[PDB]
Asker: 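After the structure tokens below, expect a handful of questions from me.
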There are 4 protein chains.
Amino acid sequence: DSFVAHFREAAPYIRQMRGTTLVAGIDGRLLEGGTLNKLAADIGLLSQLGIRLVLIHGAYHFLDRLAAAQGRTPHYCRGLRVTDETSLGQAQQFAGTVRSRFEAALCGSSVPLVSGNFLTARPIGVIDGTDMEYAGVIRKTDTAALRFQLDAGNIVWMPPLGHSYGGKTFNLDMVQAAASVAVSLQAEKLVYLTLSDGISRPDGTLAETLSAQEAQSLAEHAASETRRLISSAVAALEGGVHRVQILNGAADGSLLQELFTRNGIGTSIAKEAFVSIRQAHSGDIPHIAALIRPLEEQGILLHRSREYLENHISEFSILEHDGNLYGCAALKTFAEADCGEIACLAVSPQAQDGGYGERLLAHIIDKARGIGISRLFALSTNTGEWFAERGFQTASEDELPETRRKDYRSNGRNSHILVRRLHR
Amino acid sequence: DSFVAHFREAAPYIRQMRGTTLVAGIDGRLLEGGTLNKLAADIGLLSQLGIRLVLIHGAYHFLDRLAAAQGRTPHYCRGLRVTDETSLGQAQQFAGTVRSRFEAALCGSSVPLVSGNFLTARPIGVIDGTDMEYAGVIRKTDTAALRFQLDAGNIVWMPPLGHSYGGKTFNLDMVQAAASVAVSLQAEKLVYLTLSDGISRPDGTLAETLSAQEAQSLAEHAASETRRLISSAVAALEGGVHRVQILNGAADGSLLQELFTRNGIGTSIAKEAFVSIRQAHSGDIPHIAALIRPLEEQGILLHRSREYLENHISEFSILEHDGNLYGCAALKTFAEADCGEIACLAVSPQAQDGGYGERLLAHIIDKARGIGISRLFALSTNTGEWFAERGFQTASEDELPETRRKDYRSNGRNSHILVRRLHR
Amino acid sequence: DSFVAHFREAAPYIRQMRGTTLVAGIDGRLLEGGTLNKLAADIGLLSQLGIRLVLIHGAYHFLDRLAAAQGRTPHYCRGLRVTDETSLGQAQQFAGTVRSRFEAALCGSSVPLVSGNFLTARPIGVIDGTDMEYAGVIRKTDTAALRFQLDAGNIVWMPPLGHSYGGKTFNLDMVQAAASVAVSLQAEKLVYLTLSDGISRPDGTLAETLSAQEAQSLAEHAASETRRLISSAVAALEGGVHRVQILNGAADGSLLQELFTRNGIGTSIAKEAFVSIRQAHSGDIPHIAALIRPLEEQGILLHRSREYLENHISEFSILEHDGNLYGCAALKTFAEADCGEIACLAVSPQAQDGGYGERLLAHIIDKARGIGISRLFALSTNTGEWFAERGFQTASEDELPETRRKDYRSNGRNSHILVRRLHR
Amino acid sequence: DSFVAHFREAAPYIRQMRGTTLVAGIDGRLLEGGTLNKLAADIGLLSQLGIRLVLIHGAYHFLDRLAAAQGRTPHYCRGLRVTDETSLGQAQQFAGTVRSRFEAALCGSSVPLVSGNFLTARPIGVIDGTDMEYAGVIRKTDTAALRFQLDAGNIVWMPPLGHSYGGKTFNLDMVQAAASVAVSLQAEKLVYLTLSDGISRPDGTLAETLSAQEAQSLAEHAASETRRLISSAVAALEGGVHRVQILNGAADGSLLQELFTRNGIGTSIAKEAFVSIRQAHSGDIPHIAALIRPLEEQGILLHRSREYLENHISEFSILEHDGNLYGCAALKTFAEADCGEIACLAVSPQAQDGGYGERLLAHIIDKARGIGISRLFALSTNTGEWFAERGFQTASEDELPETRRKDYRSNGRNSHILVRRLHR
Ligand SMILES: CC(=O)SCCNC(=O)CCNC(=O)[C@@H](O)C(C)(C)COP(=O)(O)OP(=O)(O)OC[C@H]1O[C@@H](n2cnc3c(N)ncnc32)[C@H](O)[C@@H]1OP(=O)(O)O
Ligand SMILES: CC(=O)SCCNC(=O)CCNC(=O)[C@@H](O)C(C)(C)COP(=O)(O)OP(=O)(O)OC[C@H]1O[C@@H](n2cnc3c(N)ncnc32)[C@H](O)[C@@H]1OP(=O)(O)O
Ligand SMILES: CC(=O)SCCNC(=O)CCNC(=O)[C@@H](O)C(C)(C)COP(=O)(O)OP(=O)(O)OC[C@H]1O[C@@H](n2cnc3c(N)ncnc32)[C@H](O)[C@@H]1OP(=O)(O)O
Ligand SMILES: CC(=O)SCCNC(=O)CCNC(=O)[C@@H](O)C(C)(C)COP(=O)(O)OP(=O)(O)OC[C@H]1O[C@@H](n2cnc3c(N)ncnc32)[C@H](O)[C@@H]1OP(=O)(O)O
């Protein structure tokens with residue numbers, strides 16, 4: 001396509017990304033090739049787009065390439081690496097070489113790039129009888145110092161090294177340091193730049209998009225690296241990060257196609273907040289009734305009756321939490337097999353504006369869809385735009401299921417009629 | 001091309017545009033069609049890219065469409081419009097309709113849009129025996145209030161109306177109000193969104209790019225509208241604005257192809273700052289000598305002699321200002337017709353870092369080019385990167401004109417050799 | 001009176017008003033006459049006095065004056081107006097004419113006047129079988145943007161128009177948009193500038209001052225306009241606004257006599273926070289005792305006994321909330337019919353400094369007054385200034401009821417004696 | 001001595017140092033021993049005292065210790081080092097090792113330590129036929145970014161590496177990078193932490209304190225390292241830095257004894273601003289007269305006469321600049337060989353408050369001292385505290401030289417008499 005079409009397409013993701021914080025965990029193999037200049041460039045552009053950037057790199061592969069050419073051999077414990085005085089010192093050397101190169105790359109094709117003692121570490125200790133030695137884990141992150149640099153527009157660069165109040169240095173594991181930092185910052189996005197195109201399903205298909213549950217249930221039969229990825233990405237979400245992404249940092253332009261297209265190129269994982277939605281049974285009716293009543297009084301919801309609810313309780317769903325009731329929604333069906341209607345959508349006012357509404361709408365569409373309904377109607381006197389913004393188009397009475405067209409004519413409410421199509 | 005290629009291409013213009021101020025003078029016919037939704041959209045995106053926006057619209061065409069359907073007829077004096085109480089009142093109505101529509105357009109496909117009493121006007125008075133009445137000209141612009149809103153990230157919307165301390169309103173001419181506002185703000189860019197694709201040359205070719213001089217000399221045989229455009233665009237430059245652009249605000253996506261491509265779609269006008277560059281004659285030598293001397297002393301410039309300068313004065317150019325001498329540069333030629341060399345490039349240290357250097361380099365390339373030289377060498381001990389950043393590639397001794405290869409070998413300076421190709 | 005006396009009288013209301021936020025809902029008939037220049041002037045002065053101003057106007061009457069001269073006729077549903085595409089467009093025109101005129105008025109006899117997309121609207125929908133069409137209600141107010149402009153000292157101007165994320169405009173009802181905005185801002189004062197001198201009582205007397213209850217109970221027999229006024233003013237209070245005022249915006253200088261005199265010219269409505277105050281019965285004594293005890297221990301409250309409380313429980317009042325007890329206060333009476341004494345005033349320390357103290361004092365004066373007491377004494381060892389600041393003057397022992405003069409002499413406490421007069 | 005005496009002595013240097021900027025150029029041998037923990041500690045304390053710190057280290061000695069153990073050998077050109085791709089890469093490694101260790105040292109016995117791309121470099125080029133290769137010199141310092149970090153209280157750490165807009169890295173020479181940075185910042189103090197105790201005189205005595213002139217004239221017979229030190233320290237002063245210090249960064253606590261004692265431990269160099277002070281001859285009298293006159297008129301300066309000036313012109317000194325006259329001061333002598341008096345001290349009012357006054361006082365004391373005067377009197381009606389703050393004690397008439405005691409008695413001015421002692 002044309003430039004204007006590309007830019008206009010990017011446009012809504014530029015709006016989303018702006019003034020947002022992105023933690024990038026970068027595999028340290030990317031900090032070497034022509035993959036570096038490409039990456040530095042793309043990172044400069046993300047700066048220019050008003051994305052707050054915290055970049056973390058790893059050092060493990062560099063550490064093995066040395067451990068294999070020096071005679072010595074690497075030891076790993078749950079995926080963490082035993083690091084001694086020696087590998088520690090080399091990891092300090094690498095940090096410096098890679099910071100200086102990333103800066104020349106960035107500067108060379110000025111963007112403000114900053115680096116600081118933000119992390120205090122502490123040794124992992126001993127895992128499973130094995131002393132990890134100088135392997136560390138972040139103990140404290142100066143979250144205020146970091147925000148401070150990010151407020152000023154600076155890009156933050158972190159090596160995988162932290163210090164302790166004993167004057168020692170420890171080698172952090174990047175995959176879990178990035179997820180720790182993202183959580184502290186409450187970064188909207190954690191991005192893992194790997195050498196592989198996302199996370200594959202059981203039959204070799206790339207998982208475009210996963211819940212934290214589906215990510216979880218993939219790891220059971222996944223390689224160990226991708227299980228550590230998944231584990232960190234899940235804890236990041238759990239700790240508040242809104243979205244983690246896995247990309248191939250080696251594939252040219254990937255970061256940009258990730259962030260700024262509907263499509264993308266790796267894997268994106270998000271967590272579902274909890275919402276018990278179930279079939280109403282008849283113990284809910286007083287609960288439903290008291291929710292629904294003042295809305296009927298207000299002219300918002302169709303005059304009902306309790307005996308209706310009792311004989312139609314099977315078409316209701318309720319949303320709850322700690323056994324209290326925060327939402328309801330009904331599915332009506334018609335002589336026409338292809339039609340349904342969502343009716344009686346209602347969220348407790350104190351619990352409004354958190355997405356309960358939506359969650360109930362979604363659940364009614366899944367219900368509709370499982371019985372072969374492809375057209376969902378909503379008739380609303382006072383609430384149509386809510387459905388208009390959520391996929392519903394305007395319709396006519398002459399468009400209703402025939403008996404609904406009747407009720408509508410005789411109810412006198414003159415509500416606005418709207419439909420959504422639902423796909424197989 | 002691909003998305004990534006488009007975005008990577010935009011990238012350096014996103015860097016230029018960012019935190020920069022753009023005044024847009026918008027023809028009020030654009031505020032009506034599907035040209036409005038397209039424009040509002042593109043303007044929202046420029047916001048999202050961190051461009052400070054001041055938008056001004058005109059009302060003249062709306063005013064005539066009324067003046068032609070109401071019976072009355074428009075009168076114009078130098079291109080300014082006589083506006084009475086009545087047309088004044090309609091122009092107030094239009095402002096409101098067009099502000100409200102631009103806001104619905106913008107909001108509807110939230111970006112912060114602000115509008116204020118920034119302008120105090122005063123009547124133009126009487127031109128050429130003709131009373132302009134309620135035609136106004138900006139008398140004072142609250143430049144601090146404006147910056148203030150722009151600092152906060154707000155987009156500024158202005159109607160073509162200002163008030164006076166007598167409690168009257170006047171109808172501003174948009175083309176010149178925008179240029180006045182841009183000048184007050186010292187906006188880096190003034191953009192005129194018109195219904196025509198830029199400014200045409202004598203044979204119907206679009207003028208991609210003009211100096212303020214070339215714009216000027218076009219207007220002699222130009223239509224009156226485009227002469228008023230040109231006149232305002234010239235005064236804007238003169239008053240400090242760095243770049244004015246003329247586009248077709250009706251052609252879909254034009255603003256975006258303007259700002260964010262090497263190419264573009266309308267006309268871009270810029271002003272040449274003054275620089276007397278001429279052939280040295282022999283009254284300059286003491287001037288050149290005293291400039292050049294301490295650089296030779298420092299090992300920066302080739303050991304010279306005065307008798308050299310006297311017998312080679314014809315290959316020197318000097319840069320001056322108020323009769324003082326701020327730069328010099330030489331062109332050497334060789335047995336090879338295709339070769340030249342820039343030597344003895346030198347700017348007075350007090351006058352450095354304003355582009356004098358560059359201006360002398362440019363002038364030497366134009367000189368070289370007019371005698372059929374296509375390869376310009378520079379040999380520099382201490383200054384090569386200056387030429388490297390300005391189009392010069394690295395070369396070998398074996399690449400020099402043969403006699404230059406000799407001198408080089410026997411001078412012992414071991415300088416870095418660099419060439420630039422020059423096109424016909 | 002003299003200038004100095006007027007200014008010195010204004011003075012304490014200038015102190016109250018300063019740095020405070022006032023939302024003004026302005027009837028759009030005022031935006032036309034010589035009532036405009038007068039109003040603009042007075043509003044400029046309120047600016048100069050450091051009052052944060054948000055001004056909203058209505059458009060309904062303008063809309064009818066058109067709907068009556070164009071042939072068409074207005075329809076109203078609960079007092080809201082059905083507005084179509086056409087009246088919508090005229091309402092956009094009016095906004096522009098009236099904003100521009102208010103600005104010329106203000107500027108013309110410079111004060112910073114700002115206007116923005118602060119309001120997102122949504123259609124009211126269908127009321128009572130009737131489609132309101134383009135009638136809107138505020139869905140979201142950019143409360144941060146507003147504060148931001150108000151922080152900088154800007155006066156905010158709002159038309160009665162909001163947009164939706166569908167790119168549509170809707171006509172807001174001013175009386176309820178102003179009350180919505182005031183609530184969002186938590187404005188200390190909402191002011192309705194009407195064409196009538198406040199709100200009349202059942203016999204044509206102007207209600208100077210009303211509780212939200214008394215406003216409420218007036219509306220039962222009130223005209224429909226004044227019932228909508230009252231309804232919005234009540235919800236504004238309920239939602240947190242401290243004071244709503246109704247004035248005649250057409251009566252010259254009214255706003256200034258409202259704000260800055262003890263008197264005023266329209267109607268001022270305020271809401272009573274809740275305080276269950278009742279007669280103690282004997283189930284309170286352990287509650288009273290435990291409150292009062294540590295104060296006796298501290299020398300603050302007269303040594304008592306439980307058998308006293310039991311035989312005098314009828315002279316106590318208690319203040320409660322959720323059945324817990326937060327205050328007590330006693331009324332003593334004397335051989336002298338004209339005398340009372342407030343004794344044993346005590347507020348739970350955790351519940352102090354919210355006006356409970358005062359509420360109990362007030363309730364004791366109402367009690368005293370209903371039995372024909374015109375002189376209330378308070379004898380306080382440690383707390384006299386509290387009574388001194390609340391209407392109590394210093395007195396002598398020789399001033400006490402005779403038997404109180406006795407007890408006082410023999411109790412030895414040497415407390416400070418103070419009286420307040422109470423009127424019929 | 002006691003703690004309290006030490007702290008009270010430090011006290012006035014803590015006041016001087018506070019909110020002041022200190023650039024420390026650190027020899028990279030200090031970044032290794034137990035000299036590191038000692039230094040990190042002392043630097044943490046300077047932070048805690050509110051000193052803004054920019055720290056720069058060198059890498060040359062590390063580079064030779066490698067160049068001597070790897071086979072290769074170092075080349076130096078004017079003291080700058082030829083650095084190739086290889087040594088460049090090692091210098092990147094060293095930076096990282098030394099930054100990480102300095103941070104563990106500092107953290108380990110949390111103070112905010114920051115590091116950034118503040119420096120853009122460019123190759124030195126070719127010196128004296130010799131290509132320096134990857135040897136760099138700072139081209140641009142982001143002085144705003146630096147101040148920004150320093151404003152926030154952060155300590156700035158710089159390696160001796162900068163980048164260019166070509167994406168290359170270059171090895172800066174620390175001694176001259178520190179002096180460049182200090183000048184950009186206008187740091188009050190540049191401190192060189194070396195392995196030697198300051199700068200020695202011709203006979204092995206440590207130069208406690210030097211003018212930039214005396215530093216200069218030492219370098220003629222100084223070792224080459226100390227000549228480069230001296231040269232950078234002089235240009236730093238010349239460029240605006242107020243004080244440069246040379247210490248032994250290896251001698252325990254030296255930095256603290258430098259900054260915070262009257263004494264110190266290395267060498268401190270400062271520059272004398274220019275002041276032509278000379279003997280008045282008789283071409284000055286109209287100049288002196290016009291200066292002195294309005295002060296006599298004001299009662300500030302003793303009534304004089306021109307014929308006095310003409311016959312006493314030899315006891316006057318004048319201060320000038322571009323041949324204009326900005327100060328005068330006289331030395332009187334007496335029958336008592338041990339006494340002098342400064343009289344007629346006067347600075348042009350436009351040129352006041354820049355230290356001219358002082359410079360003239362100093363010059364008169366040097367004059368006095370060279371003729372064997374050990375007691376300088378000043379008699380001032382209106383100006384005594386100026387002399388009181390500058391070493392003069394209060395005295396009596398009975399203390400004056402006998403004939404001065406006479407004049408004083410008969411002049412009637414009743415001025416305040418003050419003396420200063422002057423040492424051999
Ligand atoms: C066919 C039918 O069922 S018609 C009956 C529909 N039910 C009602 O009208 C009952 C009263 N209103 C409610 O209960 C509203 O909560 C609901 C049901 C419409 C939405 O429930 P919520 O839990 O608030 O849903 P959710 O959080 O996903 O949506 C919230 C958003 O809906 C928007 N919304 C809510 N009311 C309306 C409305 N009447 N018009 C337009 N938008 C609205 C809210 O402003 C909020 O906006 P935002 O995303 O910019 O914050
Ligand atoms: C072939 C030959 O003629 S070799 C002899 C070249 N002459 C010299 O070296 C003389 C001493 N230096 C000068 O006179 C420098 O001014 C010149 C001639 C190189 C440039 O002149 P200016 O008027 O400063 O030119 P202009 O303003 O267009 O260029 C300024 C930019 O050049 C950069 N520049 C200047 N010196 C150098 C250098 N030695 N190395 C790299 N960049 C440099 C400046 O830092 C400035 O950077 P910026 O754009 O990021 O601010
Ligand atoms: C005659 C008699 O009853 S004497 C016995 C009076 N009772 C006591 O002294 C009991 C201990 N103190 C209390 O219980 C105090 O709460 C009371 C009863 C005096 C006031 O009750 P509150 O609920 O705090 O009353 P309210 O909120 O209306 O008054 C609060 C104000 O009273 C002021 N106030 C409270 N104590 C005193 C005092 N001893 N002296 C002066 N002012 C005081 C508070 O500082 C507060 O000041 P503000 O308006 O500048 O914030
Ligand atoms: C013995 C005799 O010669 S008596 C005659 C002395 N001459 C006068 O009184 C002439 C009028 N005043 C002057 O000419 C003043 O400039 C002088 C001569 C006293 C000082 O000259 P300057 O160039 O200002 O000297 P310098 O800059 O070193 O001293 C400036 C400081 O002196 C202080 N100072 C100046 N006047 C006085 C005074 N009358 N009393 C106390 N302090 C003073 C200034 O406030 C300034 O204060 P700072 O250091 O806190 O800024």
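Read the numbers this way: they start at 1 and go in the same order the structure lists the ligands and their atoms. Chain letters run A, B, ... following the sequence lines, proteins first, then strands; residues in each count from 1. All heavy atoms count here, side chains included; hydrogens, waters and symmetry mates do not.
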Asker: Hey, what do you get for CG (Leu172(D)) to CD1 (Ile124(D)), rounding to the nearest 0.5 Å?
Answerer: 9.0 Å
Asker: For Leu379(C), run the side chain to side chain contact (heavy atoms under 4.5 Å, CB included) check against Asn411(C), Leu418(C), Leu400(C) and tell me which one passes.
Answerer: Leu400(C)
Asker: By number and element, which atoms of ligand 1 are closer than 4.0 Å to a non-hydrogen atom of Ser380(A)?
Answerer: 4 (S)
Asker: Taking the side chain as every heavy atom from C-beta outward, state whether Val126(D) and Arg413(B) have any atom pair closer than 4.5 Å.
Answerer: no
Asker: With the side chain counted from C-beta on, respond yes when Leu291(C) and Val347(C) share a heavy-atom pair under 4.5 Å apart, and no when they do not.
Answerer: no
Asker: Between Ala343(C) and ligand 3, does any nitrogen or oxygen pair lie at a separation below 3.5 Å?
Answerer: no
Asker: Can you list the atoms of ligand 1 that are under 4.0 Å from a heavy atom of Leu295(A)?
Answerer: 10 (C), 11 (C)
Asker: Tell me, do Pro401(B) and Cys339(B) make a side-chain contact under 4.5 Å, heavy atoms counted?
Answerer: yes
Asker: Going by heavy-atom distance to atom 7 (N) of ligand 3, choose the closest among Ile342(C), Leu345(C), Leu301(C).
Answerer: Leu345(C)
Asker: Which heavy atom of the protein is the closest neighbour of atom 21 (O) of ligand 1, given with residue, atom name and distance?
Answerer: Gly357(A) CA, 3.5 Å
Asker: Starting from atom 9 (O) of ligand 2, what is the nearest protein heavy atom, named by residue and atom, and what distance separates them?
Answerer: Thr383(B) OG1, 2.5 Å
Asker: Minimum heavy-atom separation for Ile342(A) and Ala378(A), please, with both atom names.
Answerer: CG2-CB, 3.7 Å
Asker: Are any non-hydrogen protein atoms located under 4.0 Å from atom 39 (N) of ligand 3?
Answerer: yes
Asker: Would you check if there is a donor-acceptor pair between the side chains of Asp131(C) and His416(A) at a distance under 3.5 Å?
Answerer: yes
Asker: Please list the nearest protein heavy atom to atom 47 (O) of ligand 1 with its residue and the distance rounded to 0.1 Å.
Answerer: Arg139(C) NE, 3.5 Å
Asker: Can you check whether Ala351(C) has an N/O within less than 3.5 Å of an N/O in ligand 3?
Answerer: no
Asker: Which of these, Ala378(C), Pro349(C), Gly355(C), has its nearest heavy atom closest to atom 26 (P) of ligand 3?
Answerer: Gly355(C)
Asker: Using a 4.0 Å cut-off to any heavy atom of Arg122(C), which atoms of ligand 1 qualify?
Answerer: 38 (C), 39 (N), 40 (N), 41 (C)
Asker: Pair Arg304(A), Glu296(A) - check side chain to side chain contact (heavy atoms under 4.5 Å, CB included), show working.
Answerer: CA-CA 8 Å; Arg304(A) 79 192 52 78; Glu296(A) 337 194 292; 3.3 Å; yes
Asker: Would a 4.0 Å cut-off, counted as strictly less than, catch a protein heavy atom around atom 17 (C) of ligand 3?
Answerer: no
Asker: Starting from atom 49 (O) of ligand 3, what is the nearest protein heavy atom, named by residue and atom, and what distance separates them?
Answerer: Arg390(C) NH1, 5.0 Å
Asker: For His363(C) and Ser317(C), which I'm curious about, is there any donor-acceptor pair between the side chains at under 3.5 Å?
Answerer: yes
Asker: Which of the numbered atoms in ligand 1 are below 4.0 angstrom from a heavy atom of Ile300(A)?
Answerer: 8 (C), 9 (O)
Asker: Can you list the ligand 1 atoms lying under 4.0 Å from a non-hydrogen atom of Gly354(A)?
Answerer: 27 (O)
Asker: Who's the nearest protein heavy-atom neighbour of atom 24 (O) of ligand 1, and how far?
Answerer: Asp353(A) N, 2.9 Å
Asker: Measuring from atom CD of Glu389(C) to atom CD of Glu385(C), what distance do you get when rounded to the nearest 0.5 angstrom?
Answerer: 7.0 Å
Asker: Show which atoms of ligand 1 fall inside a sub-4.0 Å distance from at least one heavy-atom site of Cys344(A).
Answerer: 3 (O)
Asker: With side chain to side chain contact (heavy atoms under 4.5 Å, CB included) as the criterion, how do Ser348(A) and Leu325(A) come out once you've worked through the C-alpha distance, each side chain's angles and the decisive distance to 0.1 Å?
Answerer: CA-CA 8 Å; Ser348(A) 195; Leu325(A) 165 323; over 6 Å; no
Asker: Compare every heavy atom of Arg404(A) with every heavy atom of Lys332(A), then report the nearest pair and how far apart it is.
Answerer: NZ-NE, 4.4 Å
Asker: Between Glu389(B), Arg359(B), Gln352(B), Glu385(B), flag the one that comes closest to atom 41 (C) of ligand 2 by a heavy atom.
Answerer: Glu385(B)
Asker: Taking only heavy atoms of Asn382(A), which atoms of ligand 1 are found under 4.0 Å from at least one of them?
Answerer: 39 (N)
Asker: Evaluate the side-chain proximity of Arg122(D) to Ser164(D): yes if any heavy-atom separation is below 4.5 Å, no if none is.
Answerer: no
Asker: I'd like to check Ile318(C) versus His287(C) (side-chain heavy atoms, cut-off strictly below 4.5 Å). Are they in contact?
Answerer: no
Asker: Among all protein non-hydrogen atoms, which one is nearest to atom 36 (N) of ligand 2, and what is the separation to 0.1 Å?
Answerer: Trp386(B) CD1, 4.6 Å
Asker: Where is the nearest protein heavy atom to atom 28 (O) of ligand 2: which residue, which atom, and how far?
Answerer: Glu358(B) N, 3.2 Å
Asker: Please determine if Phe387(B) has a nitrogen or oxygen closer than 3.5 Å to a nitrogen or oxygen of ligand 2.
Answerer: no
Asker: Quick test: of every protein heavy atom, which one is nearest to atom 14 (O) of ligand 2, and how far off is it to 0.1 Å?
Answerer: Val347(B) N, 3.2 Å
Asker: Could you tell me, atom by atom, which parts of ligand 1 come under 4.0 Å of a heavy atom of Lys140(C)?
Answerer: 50 (O), 51 (O)
